[PDB]
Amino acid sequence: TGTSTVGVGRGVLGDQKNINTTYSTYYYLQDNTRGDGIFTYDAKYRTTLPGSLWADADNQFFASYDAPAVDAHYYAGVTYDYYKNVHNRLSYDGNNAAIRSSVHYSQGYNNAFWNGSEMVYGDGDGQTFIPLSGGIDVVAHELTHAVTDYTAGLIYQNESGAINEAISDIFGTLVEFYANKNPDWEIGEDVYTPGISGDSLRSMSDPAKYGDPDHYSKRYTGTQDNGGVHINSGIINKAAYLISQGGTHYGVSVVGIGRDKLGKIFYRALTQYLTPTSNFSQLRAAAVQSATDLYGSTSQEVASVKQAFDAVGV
């Protein structure tokens, strides 16, 4: 309990931004402006969660140790705004659930995750990753898992799990475009491999660039990565890219319909048609139905959904 205040800080990539805080003796990373609040915690290099609600003596967040917290807090706010403004959705559950994030998780931890209840961000080892909350697509990817878990409930294995992952990359990217800094169709480029320019974890525009399939005939069928959830997601990421941006892929031509309509179609599919066990063929059907609901059965939008899924062999 305290009074809402506005702090200032520097994020992982060195940019200054304002952050919404709460004052009660200390200034806490607690944003009361969005739903039931956005709360950012210090995990203090340990794996106990959530850790301590982030406290600061002066409401200025320019220390090196502060940067991952500033970005986890700020980009959760951006993500909240995207869902509210674009999709009329109030937080991940649709009922303004509090959004909780922990930073400084463990030592040298080269990942981030939604744990069923909150977001968690490693600092990276400084070679593979820098602190992972520095990437707006990463923050939005993880918070999108919460959305999925409350809605379609896609099981984290095999084709359902690859859809789960792709939904997170799709909305992660749409949020990155909403914020409009340096948007692209790549995943994690701002925090991956600080020694190497121009790479990323995954690509939506060309998944094969990083060894991921861009066609159903190239799907991974083994047991690694929960049946390739971060690998086979490339097939869906490519379809989504094609629906938005257009192109000819394996000789199948897709007329792009743009990002806003992509987001509308997939948000509707996610929230009205997908189920925990949906597979790729079922996703196609859900996307075709959603586009039909939104734009009509004779629409270009529907035609493009069908061409995009044809192009990737679904």
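The first residue of the shown sequence is 1; numbering continues from there.
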item: Residue stretch of maximal mean CA temperature factor, 103-111 vs 220-228; value: 220-228
item: Mean C-alpha B-factor comparison - 232-240 and 204-212, higher one; value: 204-212
item: Candidate residues 163, 119, 86, 170, the one whose C-alpha B factor the record puts highest; value: 86
item: Third of chain Cα B-factors occupied by residue 68; value: lowest
item: Residue 297, C-alpha B-factor rank within chain (lowest, middle or highest third); value: highest
item: Lowest, middle or highest third - CA B-factor, residue 135; value: middle
item: Residue 40 by Cα B-factor - lowest, middle or highest third of the modelled chain; value: lowest
item: Lowest, middle or highest third - CA B-factor, residue 273; value: middle
